[PDB]
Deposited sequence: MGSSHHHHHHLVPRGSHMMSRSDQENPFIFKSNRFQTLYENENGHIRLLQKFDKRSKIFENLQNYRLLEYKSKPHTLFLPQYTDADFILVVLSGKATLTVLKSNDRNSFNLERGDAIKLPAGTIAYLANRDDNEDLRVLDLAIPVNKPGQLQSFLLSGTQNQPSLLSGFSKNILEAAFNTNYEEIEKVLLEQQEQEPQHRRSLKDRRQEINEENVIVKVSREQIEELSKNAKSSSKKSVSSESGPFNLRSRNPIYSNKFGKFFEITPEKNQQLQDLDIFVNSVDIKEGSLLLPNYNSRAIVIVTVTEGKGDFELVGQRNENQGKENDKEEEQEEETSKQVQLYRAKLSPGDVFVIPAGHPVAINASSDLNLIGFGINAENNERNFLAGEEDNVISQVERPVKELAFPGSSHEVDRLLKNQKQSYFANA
């Protein structure tokens, strides 16, 4: 309430859970505050599964982006006349078009699987609508939805046999089954259909204090259609991502591992700062323009989805490179700041670092 921007790991409602994993949905952005009126049509989700488990055939009414935080996975993606399976490592992300049926296996025999989904509902702003093939209990099948009558006309079978075979959740699969599910899969390496790794192209910001990898529409067609960019950022224990703002981009920053705090600058003439402590599970939101600083307690990693990516431009307010402040003319530097121009131009050359520094 003292801060609207920081959605705590608790504020994730839990959709479904079993002895094999859970799908948890974040709090609807525009509810927390009227101020996030534009993110009303974007949802976050966390898929987590123990080893040798299977999220069964399912589709929804939302364009998905899955960003494999940790673990090894086999995502099998059904078209109507084709099917294509993919092995997924950390930093692999792929777009799941609304309507697409697909299932997710954790292939690692020890490691937990952890997947961060950005969802865009296409039917009503911010409402997700899932149709399970696995007509389990309490919830019957999407096929249960039809009538004995129609199900017969269609499948060309007595209802007794359909009811038996088809109608009568994340389940447990045998070690041998995951071999089969896998053996055939394609791997990442900016493709179309296949998955692509956030990190498998040089980072845009790299130094002794952190890494900044980021895939934009100008660099991946999957992302173009939705106008999003997906980024991963490492800030090494006891350091700093330097003050910066995104020209036009709104970020959903999520925390995969580490601890730390962020400082956001916001609000007429009443610039107010927004602090919060960061832990795994936690989200915050960087509305375009609002500048932000990120400090790491332990080894902190972040996963951000920028909305309105196309032509976004991230300007820093400190360090050597991309310090827009230092682009100001000397005479104008004089007026803007109490200090003299040779007194500004020297304090800006005090940080020899760029993008990241020390606490």
**Asked** Quick one: where does the model skip the deposited sequence?
**Response** 1 to 23, 192 to 214, 236 to 239, 318 to 336
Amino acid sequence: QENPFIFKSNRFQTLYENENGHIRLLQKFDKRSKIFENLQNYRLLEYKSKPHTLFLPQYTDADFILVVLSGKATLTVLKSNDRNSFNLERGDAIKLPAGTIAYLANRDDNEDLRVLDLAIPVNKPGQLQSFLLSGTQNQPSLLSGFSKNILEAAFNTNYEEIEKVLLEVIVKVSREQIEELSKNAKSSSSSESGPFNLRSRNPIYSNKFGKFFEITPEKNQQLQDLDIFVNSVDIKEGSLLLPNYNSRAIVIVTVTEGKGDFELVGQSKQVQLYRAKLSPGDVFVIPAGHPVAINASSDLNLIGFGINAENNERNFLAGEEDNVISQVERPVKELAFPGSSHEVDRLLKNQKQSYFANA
From here on, numbers count along this sequence of modelled residues.
**Request:** Quick one: say whether 78 to 86 or 133 to 141 has the higher mean Cα B-factor in the deposited entry.
**Result:** 133 to 141
**Message:** Which is higher on mean Cα B factor in this entry, 278 to 286 or 95 to 103?
**Reply:** 278 to 286
**Item:** Candidate set 216, 246, 174, 156 [ranked by C-alpha B-factor, highest]
**Value:** 174
**Request:** Name the residue from 186, 164, 148, 124 with the greatest C-alpha temperature factor listed in the entry.
**Result:** 186
**Asked** Once the chain's modelled residues are ordered by C-alpha B factor and cut into thirds, is residue 209 in the lowest, middle or highest one?
**Response** highest
**Asked** By the record's CA B-factor, is residue 291 among the lowest, middle or highest third of residues in the chain?
**Response** middle
**Item:** Chain-wide C-alpha B factor ranking for residue 47, given as lowest, middle or highest third
**Value:** highest
**Message:** Test of reading the entry: by CA B factor among the chain's modelled residues, which third contains residue 304?
**Reply:** middle
**Request:** Could you tell me which third, lowest, middle or highest, the C-alpha B-factor of residue 66 occupies within its chain?
**Result:** middle
